[PDB]
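So the mapping is simple: our numbering equals the position in the sequence shown, first residue as 1, plus 6. Beta carbons are placed, not taken as given, at the ideal position from N, Cα and C, and that holds for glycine.
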Amino acid sequence: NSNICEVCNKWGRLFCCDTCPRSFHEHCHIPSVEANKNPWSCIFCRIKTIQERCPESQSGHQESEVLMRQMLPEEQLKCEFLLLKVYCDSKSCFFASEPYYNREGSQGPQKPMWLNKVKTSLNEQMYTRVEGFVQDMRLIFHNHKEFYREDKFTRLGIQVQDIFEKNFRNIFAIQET
Ligand SMILES: CO[C@]1(C)Oc2ccc(N)cc2O[C@@]1(C)OC
Ligand SMILES: [Zn+2]
Ligand SMILES: [Zn+2]
Numbered sequence: 007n008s009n010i011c012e013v014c015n016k017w018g019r020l021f022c023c024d025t026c027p028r029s030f031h032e033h034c035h036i037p038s039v040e041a042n043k044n045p046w047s048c049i050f051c052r053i054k055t056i057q058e059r060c061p062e063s064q065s066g067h068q069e070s071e072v073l074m075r076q077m078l079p080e081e082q083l084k085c086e087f088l089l090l091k092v093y094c095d096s097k098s099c100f101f102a103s104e105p106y107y108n109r110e111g112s113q114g115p116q117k118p119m120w121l122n123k124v125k126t127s128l129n130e131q132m133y134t135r136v137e138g139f140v141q142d143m144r145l146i147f148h149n150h151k152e153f154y155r156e157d158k159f160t161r162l163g164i165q166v167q168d169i170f171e172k173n174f175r176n177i178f179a180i181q182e183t
């Protein structure tokens with residue numbers, strides 16, 4: 007197995023996948039690494055198995071159909087994996103914890119949103135459709151771009167949103183256009 011966490015790229019107390027070489031800090035994996043389980047397979051492996059069991063799941067889909075899906079276990083897992091792929095980018099640090107807004111010439115967003123809040127909402131089964139999760143993720147970046155205006159720091163939101171959108175299209179097999 008790898009000697010660093012797949013998500014944050016640091017060493018520490020690591021839990022090793024039994025079916026691939028990846029390793030994870032307990033709370034960097036999503037869902038958090040399960041207490042007792044041998045063998046244990048990581049979320050990458052679990053997502054791959056869904057693909058293998060149903061190869062046609064990789065055929066192109068319409069975004070509007072994906073968003074309307076209820077959060078059954080496979081969709082729950084795909085949203086957990088999509089969230090994890092955002093945390094895998096080191097620029098996710100800017101979006102992880104609860105933000106605050108005090109900048110001359112700007113007003114904070116009406117509905118603040120951040121990755122750890124989305125992580126909690128998934129863990130608590132608060133989303134009934136894919137749409138709820140995707141709307142909260144897009145809101146994180148939209149709030150950032152509106153607040154920072156012409157400050158070049160706006161670009162961090164564009165960059166992390168692009169990682170989110172590329173992973174969304176791949177994980178949910180959105181039809182290429
Ligand atoms: C959809 O393909 C999977 C399940 O997820 C990915 C998501 C983003 C990117 N970039 C690549 C991915 O490759 C796979 C095979 O995981 C390793
Ligand atoms: Zn980690
Ligand atoms: Zn694995």
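- Cα atoms of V13 and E171: separation of roughly 18 Å, rounded to the nearest angstrom.
- The secondary-structure analysis by DSSP pairs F30 across a beta bridge with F21.
- Taking C-beta separations shorter than 6 Å and ignoring five residues to either side along the sequence, the partners of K91 in its chain run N173, following chain order.
- Under DSSP, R135 takes part in a beta bridge, and its partners are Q76.
- Collapsing the DSSP output to three states places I180 in a strand.
- In the DSSP assignment, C51 falls within the alpha helix (DSSP H) that extends over 49–59.
- Between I49 and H33, the gap from beta carbon to beta carbon reaches 8 Å or more.
- Taking 8 Å as the upper bound for CB-CB distance, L145 and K97 are not in contact here, some 17 Å apart.
- For the pair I169 and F87, the CB atoms are not nearer than the 8 Å cut-off.
- In this chain, the alpha helix (DSSP H) harbouring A102 covers 99–102.
- Counting of Cβ neighbours within 10 angstroms places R59 among the exposed residues, the total staying below 16.
- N7 and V124 have their C-alpha atoms roughly 29 Å apart.
- By the criterion of at least three beta-carbon pairs nearer than 8 Å, the region 40–48 is in contact with the region 12–27.
- In terms of Cβ geometry, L73 and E137 form a close pair [threshold 8 Å].
- A residue is called buried when at least 16 other Cβ atoms come within 10 angstroms of its Cβ; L121 meets this threshold and is buried.
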